[PDB]
């Protein structure tokens, strides 16, 4: 332990011209998300970038009927936003940094995330990224059911809707027993 999970913080989710952008609140966490990721890496944590990898005209994916095309394979939409992308440029080849393609909201679903964590005997996951109430929430619930201790970096998660953001934070703390931390990985009270 520990492992930091970086969820869908890409151009399509964050940039103003993004295909499924969260806009201003997503852009606002850029400094915090890059700071906390660098900090975790510096102290010896494993870093998992778990990124949507969709195909256009995938009729068998139930998500294709719910949202417009986003994070399409081979497009600039899948590029990491801001200084987080710079971090991946510098340290993406490191043995402790991973890139994982995902098709569901949860970073665990149909991936080998659990396997890689169990290989390294990680007991605690630290969650960052977007959206708080969709891919972060699904990931947190999967992590809970798989018996991981959970930390949520409050200033490094965001949603389009403030009320959905608040529901999710409340769910993490009160139902999942997750620890809410700041960008310095210190517990928030």
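Positions refer to the first chain, counted from 1.
Enquirer: In at least a third of the other compared PDB entries, does residue 56 have no coordinates?
Expert: Per the records, residue 56 goes unmodelled in at least a third of the other entries.
Enquirer: Look up the CA B-factors in the entry and say which stretch, 12-20 or 177-185, has the higher mean.
Expert: The recorded data point to 12-20.
Enquirer: Please work out which of 66-74 and 29-37 has the higher mean CA B-factor as recorded in the PDB entry.
Expert: The deposited B-factors put 66-74 ahead on the C-alpha mean.
Enquirer: Among 122, 59, 146, 126, where is the Cα temperature factor highest, going by the PDB entry?
Expert: Across 122, 59, 146, 126, the entry lists the biggest C-alpha B-factor for 59.
Enquirer: Classify residue 88 as lowest, middle or highest third according to the C-alpha B-factor given in the PDB entry, relative to its own chain.
Expert: Highest third of the chain for residue 88's C-alpha B-factor.
Enquirer: Looking at the C-alpha B-factor of residue 96, is it in the lowest, middle or highest third of its chain?
Expert: Top third by C-alpha B-factor.
Enquirer: Taking the entry's C-alpha B-factors for this chain, is residue 53 in the lowest, middle or highest third?
Expert: Residue 53: CA B-factor falls in the highest third of its chain.
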